[PDB]
Amino acid sequence: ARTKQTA
Amino acid sequence: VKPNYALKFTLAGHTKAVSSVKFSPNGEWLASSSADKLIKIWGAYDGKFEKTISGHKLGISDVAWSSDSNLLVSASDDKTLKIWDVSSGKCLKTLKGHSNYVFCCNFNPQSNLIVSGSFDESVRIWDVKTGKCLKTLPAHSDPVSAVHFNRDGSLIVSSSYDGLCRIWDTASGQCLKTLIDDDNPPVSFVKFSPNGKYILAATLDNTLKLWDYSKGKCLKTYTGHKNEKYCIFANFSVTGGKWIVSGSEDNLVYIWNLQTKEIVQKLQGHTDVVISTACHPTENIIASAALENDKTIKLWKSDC
């Protein structure tokens, strides 16, 4: 998940 | 007055975006995790690839070392953490309980506990010996972006997209302090300072802030880098000059003077977002790692 934008 | 970090090595091997890099406490190794589901171990001083550790079913967002450099823990999209024997590469235990991606993890200094944060909005505390979940904390109201123990493991700091940073008593699981900002930007990273007196929190408005959490006072604001999208790691560098180190969405590593807040160096070379940086425990060496256009880790060395 860290390597995509989720915010 | 200013460091002079120069590129020494570029380490290739991961087949997707890298997510986190961490130096072993003994300073011999760098561990890296990736969306490619793998942990890799590299020599800290010659950049030589050492081994691949595999077993997670989906990508890994974080990795952390035990104080004796003998264990690793990893946090995965497969909703588990795994504890690994570094020497053999074997999975010792799989920690199950989170209901969504595990995003961040760390051992305490005693290395008998692991703390984890998840997209399930909870912080969990695990017994290393048994792999049992000791406590589940209903910590936040959005994904937990970071979890870190202080210098003696008595406190945990957590950060979340909910806009909060919380300080927790490890033994009791009680929240001792909530830090707030009236404009409430998502908090994308947090960690304690080496002395444990401060926290360093990143927010998705292109700022890093040093807080005296006991007093609820923001002491320093670091700006000028780009961070509005990803959960980028930041660091205290204490081996030479006292700096703050972070990745950036403009593909650079940023270095600030801790006290003055002046940017003292920007490290150019990566070709994608620098998602993670780590500072070597004894030498003036930085590791940096980048997203999908790049997929490499770089090692940089300074005289101070």
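By the numbers in Swiss-Prot, the shown part of chain B spans 31-334.
Per deposition record, X-ray crystallography, 1.9 Å.
Note: Cβ is positioned from N, Cα and C throughout, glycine not excepted.
According to Swiss-Prot, the features are:
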type     : residues  : note
CROSSLNK : B:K46     : SUMO2 cross-link
MOD_RES  : B:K112    : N6-acetyllysine
REPEAT   : B:169-208 : repeat 'WD 4'
SITE     : B:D107    : site 'Important for interaction with histone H3'
SITE     : B:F133    : site 'Important for interaction with histone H3'
SITE     : B:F263    : site 'Important for interaction with histone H3'
SITE     : B:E322    : site 'Important for interaction with histone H3'
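Structural mapping of features recorded in Swiss-Prot.
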residue	record	DSSP (3 states)
B:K46	SUMO2 cross-link	coil
B:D107	site 'Important for interaction with histone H3'	coil
B:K112	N6-acetyllysine	strand
B:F133	site 'Important for interaction with histone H3'	strand
B:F263	site 'Important for interaction with histone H3'	coil
B:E322	site 'Important for interaction with histone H3'	coil
Cα-proximity to B:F133 (site 'Important for interaction with histone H3'), 10 Å cut-off, over recorded positions B:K46, B:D107, B:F263, B:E322: B:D107
Around the Cβ of B:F133 (site 'Important for interaction with histone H3'), the count of other Cβ atoms that are within 10 Å: 26
Whole-number Å value for how far the residue listed as 'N6-acetyllysine' lies from B:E322 (site 'Important for interaction with histone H3') (Cα to Cα): 24
Rounded Cα separation (Å) that holds between B:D107 (site 'Important for interaction with histone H3') and the residue listed as 'SUMO2 cross-link': 14
Residues of the repeat 'WD 4' (B:169-208) by DSSP state, where helix covers H, G and I: 0 helix, 21 strand, 19 coil
Subset of recorded positions B:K46, B:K112, B:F133, B:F263 within reach of chain A (CB-CB under 8 A): B:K46, B:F133
Which of B:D107, B:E322, the listed recorded sites, has fewest other Cβ atoms within 10 Å: B:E322
Set of same-chain residues at least 6 away whose C-beta sits under 8 angstroms from B:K46 (SUMO2 cross-link): B:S64, B:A65, B:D66, B:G89, B:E322, B:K325
Recorded positions (B:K112, B:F263), the one with most neighbouring Cβ atoms at 10 Å: B:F263
Euclidean distance between Cα atoms of B:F263 (site 'Important for interaction with histone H3') and B:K112 (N6-acetyllysine), Å: 21
